[PDB]
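Coming up is one lone chain in structure tokens, specifically the form deposited in one PDB entry.
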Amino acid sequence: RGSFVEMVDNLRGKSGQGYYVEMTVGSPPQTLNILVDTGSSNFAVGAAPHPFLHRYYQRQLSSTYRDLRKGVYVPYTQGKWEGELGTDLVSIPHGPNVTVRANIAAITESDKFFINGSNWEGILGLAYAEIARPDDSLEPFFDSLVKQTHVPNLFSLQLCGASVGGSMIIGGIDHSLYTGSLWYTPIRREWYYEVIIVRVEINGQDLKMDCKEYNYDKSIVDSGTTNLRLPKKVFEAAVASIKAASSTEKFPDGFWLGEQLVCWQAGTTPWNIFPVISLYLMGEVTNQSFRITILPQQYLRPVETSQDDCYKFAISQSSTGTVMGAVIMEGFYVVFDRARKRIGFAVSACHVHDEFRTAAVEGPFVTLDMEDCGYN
């Protein structure tokens, strides 16, 4: 409890490619790098020699593999994967000292799923059964882990921004990973890690929208998405506010749609004309909320045509609701306290910043009528 030194720094990544953890599956163990994804619920690994892949699960070599004689076809907006369902022994070598029998989807066919040049070979879905595929009776990895061992029902993530690294503490919270206090928001329903946003300010100026707009039709915390993604109507307001905030410099109109990158010469990026962005989240007590504050450092992503510092705007519009992606998560230590159905935020010990402003987590604020903000 409180101290997990063998789990610190157990995540690796390349910028724009996600954060992965080393895992092993089968007997003898086969090592794979696996993307950590709080916005899905399948454990799925490549299992055939797709050319983008460093390595893949070879079921024939595992003496503990148990076939479920059952297929799954999983499309997303950015294409799909199909696989064969089975169970096998799974450990996390820089995780708890345990081995569990878990569902595995062995990916035999995929399109636009694996990244060419990436160093990972599957996805670890950490959200709940309700969105597991084919249906909610395919028990997710984390449910199997808690069912079979004494690991407590929680994990926390510190995603350190830009190559990338970080920590997944399975079973606990490590106090050296954050500063100040944790503040908790209720997980509104266990499917995605759904939360409720109650107010959004751009440089402390409120978007003043009916708050059902910030959660139309949900808001979720997702390490498997890069952007801060905002419902279209909120996106429009957000971006006009940021446009105005920084009319001091100018950039093309394409840039705010993530349709072109923009460029200042090495070390001339003027952070200080970009506003901070606060999100107030429903608190644990009636009429009480807290706010998290992020920086241009989180929303202007480094990309590496040009011999300069070029960034991409990584707030984007959405028709699936708000998505607090790695843009948000990289500022904070985030505790997925499944046992108490809540999610805690604290200032990350690692987050990228400058001399004037830092990411922040502050409370308590009085907000009335917060139950109006959930979309039904």
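Between two forms, the rigid core is defined as the largest C-alpha subset superposing within 1.5 Å. Note that residue numbering follows the sequence shown and begins at 1.
Participant: Count of coordinate-less deposited residues separating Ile115 and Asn116, as none, 1 to 3, 4 to 9, or 10 or more?
Facilitator: None; the chain is continuous from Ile115 to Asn116.
Participant: With respect to the deposited sequence, is there a break between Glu304 and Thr305 in this entry, and if so is it 1 to 3, 4 to 9, or 10 or more residues, or none at all?
Facilitator: Count of unmodelled residues in between: 1 to 3.
Participant: Should the higher mean CA B-factor in the entry be assigned to 309-317 or to 340-348?
Facilitator: Higher of the two, by average CA B-factor, is 309-317.
Participant: Please work out which of 74-82 and 184-192 has the higher mean CA B-factor as recorded in the PDB entry.
Facilitator: Higher mean C-alpha B-factor: 74-82.
Participant: Based on what the PDB entry reports, which of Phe274, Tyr178, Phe142, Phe155 has the top C-alpha B-factor?
Facilitator: Checking the PDB record, the top C-alpha B-factor among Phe274, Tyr178, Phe142, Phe155 is at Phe274.
Participant: Highest CA temperature factor in the entry: which of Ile173, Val151, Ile123, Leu207?
Facilitator: Checking the PDB record, the top C-alpha B-factor among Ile173, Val151, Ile123, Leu207 is at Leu207.
Participant: Among the modelled residues of its chain, does the C-alpha B-factor of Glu22 lie in the lowest, middle or highest third?
Facilitator: Lowest third of the chain for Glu22's C-alpha B-factor.
Participant: Using only modelled residues of the chain, where does the Cα B factor of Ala106 rank: lowest third, middle third or highest third?
Facilitator: Lowest third of the chain for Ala106's C-alpha B-factor.
Participant: Quick check on the deposited entry: does the C-alpha B-factor of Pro96 sit in the lowest, middle or highest third of its chain?
Facilitator: Its C-alpha B-factor belongs to the middle third of this chain's values.
Participant: Comparing against every modelled residue in the chain, figure out the third that the C-alpha B-factor of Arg66 lands in (lowest, middle or highest).
Facilitator: For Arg66, the deposited C-alpha B-factor lands in the middle third.
Participant: Lowest, middle or highest third of the chain for the C-alpha temperature factor of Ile131?
Facilitator: It belongs to the middle third of the chain when residues are ordered by C-alpha B-factor.
Missing here is the form deposited in another entry; even so, the following discussion is about that form.
Participant: Considering only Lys232, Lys147, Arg189, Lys250, which residue exhibits a C-alpha shift of no less than 2 Å between the shown form and the other one, with the rigid core used for superposition?
Facilitator: Going through each option, the one that shifts is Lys250.
Participant: Using a rigid core alignment, state whether the CA of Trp271 is displaced by 2 Å or more between the shown form and the other one.
Facilitator: No, shifts by less than 2 Å.
Participant: Compare the position of the CA of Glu371 between the shown form and the other one after a rigid core fit and state whether the shift reaches 2 Å.
Facilitator: For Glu371, whose C-alpha is compared between the shown form and the other one after core superposition, the shift is 2 Å or more.
Participant: Is there a C-alpha shift of 2 Å or more at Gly79 between the shown form and the other one once the rigid core is superposed?
Facilitator: Comparing the forms between the shown form and the other one, which are aligned on their rigid core, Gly79 does shift its C-alpha by 2 Å or more.
Participant: Closer or farther: how do the CA atoms of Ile220 and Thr77 lie in that other deposited form, compared with the form shown, if the change is at least 3 Å?
Facilitator: Distance between the C-alphas of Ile220 and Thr77: shorter in that other deposited form, by 3 Å or more.
Participant: In that other deposited form, the Cα separation between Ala314 and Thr248 changes by 3 Å or more relative to the shown form; did it shrink or grow?
Facilitator: Result: closer.
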